[PDB]
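Scroll down for the structure; my scribbles are underneath it.
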Ligand SMILES: Cc1cc(C)c(NC(=O)[C@H]2C[C@@H]3CC[C@H]2C3)c(C)c1
Ligand SMILES: Cc1cc(C)c(NC(=O)[C@H]2C[C@@H]3CC[C@H]2C3)c(C)c1
Ligand SMILES: Cc1cc(C)c(NC(=O)[C@H]2C[C@@H]3CC[C@H]2C3)c(C)c1
Ligand SMILES: Cc1cc(C)c(NC(=O)[C@H]2C[C@@H]3CC[C@H]2C3)c(C)c1
Ligand SMILES: [K+]
Ligand SMILES: [K+]
Ligand SMILES: [K+]
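Chains as they are written, first to last, in UniProt numbering: chain D, 8 to 148; chain R, 8 to 148; chain Z, 8 to 148; chain X, 8 to 148; chain G, 74 to 191, 199 to 356, 532 to 588; chain F, 74 to 191, 199 to 356, 532 to 588; chain S, 74 to 191, 199 to 356, 532 to 588; chain W, 74 to 191, 199 to 356, 532 to 588.
See the structure below:
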């Protein structure tokens, strides 16, 4: 039944029944929701799961990505390595205020409400320090 | 007499009698038959046999290519190496159905009728497995 | 008080009070004075002090640059290395006439009046030879 | 007096008396004689003698090139190395007919009359073989 | 808990200094090393008839101070394991509840203490296992990690070296043994011949066993010239691999551009997590793009990457002119 | 033949495990190695007066089990040579009808069996040729292939090393022989001097022969400082070549993009073959383009490649903008 | 002061020749080297009972000439320290007023002169410190600078080599000492075992101490095969690092394009200096751009620059088209 | 002269085979080598009391055949020096009239013949100079050219190795000599100490001289661990340089595209020469461009080229867009 629900999502992209998702199908569904990816961003996204290298996503590749999410060990390690960039002490901790600065000032910045939900979800200590390795296991569970 | 027949084909390209084939002469004959190579594809083709590096094919280079076809040992080895990409067992076999998938789904895909003739020509075993190294010797004979 | 005077200069660039200087703010003030930097020159200038890598200068970065000027040891060494390019003897001397040639004929050439002030400021010896390492300490003091 | 004759040629390029030859001055004199260099060819030519790297030729650089011609040892060696590309025997000989083929069919091909004068000038042996190392010394004398 | 906080902060400082070495605060490490070294020094000064009283009293005082200091160091290590609280002892339990390096050292310490209190072998083999206790550094294996990585990288080819070397050893030992079996009494057996061959091909050359006939000498010279190099290859292979790896370390640490990729990966992961089907599938794809860009900056970014983006960018350039071309042709002509 | 098919499938599995090693199924290899090693172990334990009865019975039982196991292994190898049928025995005949590794092992096995059944030399030299029988792995030469490739690559320069080293050996041996001929009795002849020189320059240095006069000592020191390095170059050259080749292996396997090129090549070859003059000439040219692209993706792709398409891409750019410029001229102006 | 100027010019020439070596004017260096070498030669020719009179008179005459020449050389060095005037003696005072290489040599010279005038140890240890006096070259450390840089670059990994080697030394010495303690009298103590282990693992192999039992022989062979390589790694690591650094030097000298960057930097520095707030802030930013471009050309310019500039330039080109495209759509359609 | 032409053609063939080796026609080289080797073989078989009659007759017959063959080989070499005519003897005179390798071999040959016809030293030292006569190959220095180039490239750094090694040698020899002067009789003098130090630090380790006190042993161990590596650096440096140079040879032989550049250079040179002021100055500039392009293709082509040509092409493209933009502005808007 989980496979059938993935198939129904896959068919929203591949409305023609061709069994593939190209940049046209992916980007069309995304822009209908009000997103505006570039062509190079749509190619990068498809390339992450396109083993055949022909610029498409087929259902086996789609199902694999959906079943896996972030649960794999590669994801847990890399996310933990990203936090460690901002942990100079090396003790596995990061300050709530330092997490807030990085999340709202670097990269694809989180909004205030996004970052508020993120700090609420981490079981912050009374000092104001966050143990990010248990934060990584909650996102990889 | 075989040399004279190659000369007559060579003269269809080099209609001016200049003794050379450029991208103009090669591409003109090709498009007359309904092919549509790009300029970069015409340059690659000429470059494979142009030892002088001046962007032309002369008759000695043309004759060498025509006399040799695929009979050389380099061709036999590389074609056999290409099949081995798809032979994970390492036993020199490939399934008829796996050959069909690769021929019609990768690269410059074969049509159904092309791939039907190809599987008919290989002496397929009763299991449905193809010994591709004897398939390579039939194309290199 | 020195910090407040730097802040007042910083606010001429960042007239909106956003706490940052982009190529727009920097280049606008520069062109008002009759300078004409290119976009790539404005990016290089900001990149020299932009630790966040987001294409801006904030006040802490601005204050650091203004407080430091050329007084740091890296500046003294590199300027001295630049003179040594033109000191073949290796004795720490350069001729007044050779300094004049390099200053007015290479790079962003000095005008005659600029180079006249520069040679006046170096305590030229009676021969006409300049000890450039004490010239470097006067610019790094 | 030889220096003064070089100066008079140099002044045809640098008609303004600025003491320099840029691509404008060089290319203008060349096109007046009916030559048609490209901009990239004019830059390459100036770059061969521009030690200052500022895109100009000054009179000392012009005089050096004119005084030297091909008489230097680097020129003799490189020209001799070029002939040796076409000497497979390694005996320092090349056939008159092979020299004729290379001169009129490769590179900036010599005309028939140019190549006729070149083969007349080499003291060809009765076989038809040319000792090119003594040909190189006549051009480097 | 402010005074408790400050005391716990000093405690975490001492935890790092006993746990992670730094540029300057290596005095604890160097003093533990000096303790073990001095103990080995009087151990070697023993067994030459000096343990009469001057080496023996030194042994007693050093064993006393050593037992005391390692007891308190174990105490302080476990007692400072974590941060201020909930880490100091709790993730202490979390770590040592099941660890192949936590309680084993305790077992060794208590067993040696029991043996000593209630010959040379016990004392010394205890001490060298204490040099393993200082191997502990960087989780017992920093140097071991490095060496293992480099050895594993050159596996097949070290195997070539070892295997050819061993064949030459065996076959040369046999041939010289046959050539020297009658006259020379050094080559009594074939095991003697292997001893000679091992000492020769490694270029130690004690000289206790040596060919005497001319046939044996010629064979030994030939096989030496042929196998000495094979017994010296592993050092050359490993040394060159080491130097190359250092050069590459320079090359890649010159990149290290994980400022934005670092932060962006956490953001794409949070955005995906906070989703909780098509909307989720899009966030998974973006997460996977961010994870790659995050790894790439460290080391997967290479020279192939340049050409990858060249093709992409220049095809865009070719088609940019074509965008204008279609326009021109459709209107003006 | 379904039960036959399944039995033949298990048989092909055992063929691979006895033929191609893998990550885990190396137990047959390691056990054959252990058999040969243990046999060599009791061979070396012999010849020290222990073959009285305990080594002798072990020799008998090991020779018995060894003959039995290699007989059945040869049987199974030939009997599983191919796949289910038409390969199991037929390409078996096709392979062993004329092969420099098929029947030679049989000849060796039967000859040794005849010799043993119906001194130390026979037993041992048979055993070491059995270590060659385990050299058989990867067609007798995997390690040999690797070593030969690397040696051949550095040929001229190994030659330099060897030749300079040998000149120094000869000339130094001569000079020291002259300087030590009268006093020292070690240097009785010139052949003795060569023995000394070989042992010295390889840095074995047994010490049985040694210069005694000061002139000879000075000459020996000079020639040692000058030639020892030459006798150590080959190991350094080979080791560095090895490490460099490993690094390059990483570099090029990071590419390995022969998914589509492989298919493309088979397709162009089939299309050319199925032709059976101008139409054929075009298919030959396309076949040759596909063969090159197929090799390139593995390793011929270089750094010149990057700029080969740079120039090409800029040429396209130039072409289209020039066509555009003339277009503008024609219509707008 | 024209005659003074010419004399001072000759004096500065002699200052460079005594201070900075060149392609041809190394005769002073080679003669000082020859003086020290010849003095060491008669020092070694002494202590074999030849200082009767022929070595002793040579010692007297050489000590005489040496004291004289180094006195005048010190005089000339300080007296030619700088240029014509204001540098000859004044920056002479500026340099030697507080320098760890200026007055120390004077102290050594006067102390040795006092000792000699008013056994072998004094003479010889004075002479070798004079070979350090010729170490003085390139500020006492040209070779030392090079070696230190390369050693420091490979620090962690030399540490791996040393530390594993030393563990193997200790543990092997112990095991062989236990295996050979009873029978063999070479291994009387454990200190003897360390002597044997050091001589073995370095592959010197004197042969004075040697295992005699089979257990000890087997242990020694195993530990030799395992540790000899570790004692040979440092040479391999350093040699490969050396060769790699030379290759990189070729590439660094291929660049080194500081013709205009040098001038540019001096100009931006002068323009900033001559300012003496917004106008100054702009000159500081331009100075910092010029300092970077000045360093980059020498070495910091990397491959990243090319990739970055590709993206930049490609986007400039794309933006060019984009501006034109919007224009076209506005007017023509 | 057609029959003369054919005979002269066969003569030039034999000239190449005696002068330039090839893949197959090395039989003359290998036979000259075998002649010299066999002569050295009976020379070494002499001086062990076998020159009674069997070695002596062999010496006579080999000296006879050797004198004969080298006479005729010298004859044939000079007589085939050039091509058919005007080169066979005339550039023969042109070459040997003044050459440091032409008449010197003749002088050596005639001098040795005079000495032999009208002890071991003459015969042998003649023979080894004949191995130099086979050094003659590739102008006496192919291997020498290679080795000299690589040594010269790493000059400063080999100097570092040698100089640090020699300091350690001297200072260690001195310290051990002092520590061992009284008890040990091996270290009678300081020259003995240098002999011991040379044999130790090179890791030969004869064992004739060996420290006996514990102080001397400790000093020797320390200085061994510190200097052995320095005496082994040169081999590592040279070997790594060798391997790197081979890798670079591959890299650059992949380019080697001097067909058209070489062809164009001859044309620009002829066009300049045939001129015989502004017209000439232009031909000189074009000649200099062609000479550079001709060299570049071989090896000066670098990675700097890539960066340079990218910028050039990018700006050409940008300039073309500028033309297009100005057109649009002028007409449409
Ligand atoms: C024949 C032979 C010769 C030798 C020197 C070795 N040993 C090595 O090469 C050592 C270097 C690494 C680390 C321990 C090994 C492997 C082996 C195993 C076999
Ligand atoms: C002078 C001399 C010194 C030596 C060490 C050798 N031998 C080697 O260098 C060995 C390493 C490879 C493999 C066997 C050879 C070649 C030779 C042949 C001549
Ligand atoms: C175990 C061990 C073995 C050795 C050879 C050394 N020594 C070296 O490796 C020398 C090369 C550099 C220069 C002096 C050191 C470091 C050390 C320190 C420890
Ligand atoms: C201290 C010392 C130690 C050594 C081994 C050498 N010799 C070398 O290193 C040899 C390798 C090249 C070729 C001959 C030299 C140079 C020297 C000169 C000094
Ligand atoms: K030795
Ligand atoms: K020895
Ligand atoms: K040794």
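Using N, Cα and C, we set each Cβ at its ideal position, and we do this for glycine too.
N-terminal and C-terminal residue of the alpha helix (DSSP H) that residue i is part of
{"i": "residue 121/S", "result": "Looking at the DSSP string, residue 121/S is not in any alpha helix (DSSP H), and its letter there is neither H nor E."}
{"i": "residue 147/G", "result": "127–152"}
{"i": "residue 556/S", "result": "No alpha helix (DSSP H) contains residue 556/S, which DSSP labels as neither H nor E."}
{"i": "residue 344/F", "result": "340–354"}
{"i": "residue 232/S", "result": "222–233"}
{"i": "residue 264/S", "result": "It is not in any alpha helix (DSSP H) - residue 264/S carries neither H nor E in the DSSP assignment."}
{"i": "residue 122/Z", "result": "119–128"}
{"i": "residue 270/S", "result": "270–281"}
{"i": "residue 100/Z", "result": "From DSSP, residue 100/Z is part of no alpha helix (DSSP H) but of the beta strand (DSSP E) over 100–102."}
{"i": "residue 54/X", "result": "46–54"}
Partner residues on chain F for residue i, Cβ-Cβ distance less than 9 Å
{"i": "residue 40/R", "result": "533, 534, 537"}
Interface residues of chain W facing residue i [CB-CB closer than 7 Å]
{"i": "residue 418/G", "result": "For residue 418/G, no position is available: the coordinates of chain G end at 356 and pick up again at 532."}
CB-CB length for residue i against residue j, believed under 8 Å
{"i": "residue 88/W", "j": "residue 153/W", "result": "4 Å"}
{"i": "residue 307/S", "j": "residue 248/S", "result": "4 Å"}
{"i": "residue 316/S", "j": "residue 320/G", "result": "7 Å"}
Neighbour list for residue i in chain S, Cβ cutoff strictly below 7 Å
{"i": "residue 192/F", "result": "No coordinates exist for residue 192/F; the numbering of chain F passes from 191 to 199 with nothing in between."}
{"i": "residue 51/Z", "result": "544"}
{"i": "residue 117/Z", "result": "347"}
Contacts that residue i makes with chain S (C-beta to C-beta distance below 8 Å)
{"i": "residue 587/G", "result": "587"}
Host beta strand (DSSP E) of residue i (start-end)
{"i": "residue 332/W", "result": "First-last for residue 332/W: 294–333, but that is the alpha helix (DSSP H), not the beta strand (DSSP E)."}
{"i": "residue 85/W", "result": "Here residue 85/W belongs to no beta strand (DSSP E); instead the alpha helix (DSSP H) covers 75–92."}
Neighbour list for residue i in chain X, Cβ cutoff strictly below 7 Å
{"i": "residue 129/W", "result": "What residue 129/W touches in chain X: nothing, since even the nearest Cβ is about 45 Å away."}
> Who sits around ligand 5, taking every residue whose Cβ is closer than 7 Å to one of its heavy atoms?
Replying inline: In chain order, the qualifying residues are 283/G, 284/G, 285/G, 283/F, 284/F, 285/F, 283/S, 284/S, 285/S, 283/W, 284/W, 285/W.
> Touching or not, the stretch 275–294 of chain W and the stretch 121–137 of chain S, by the rule of three or more beta carbon pairs under 8 Å?
Replying inline: no
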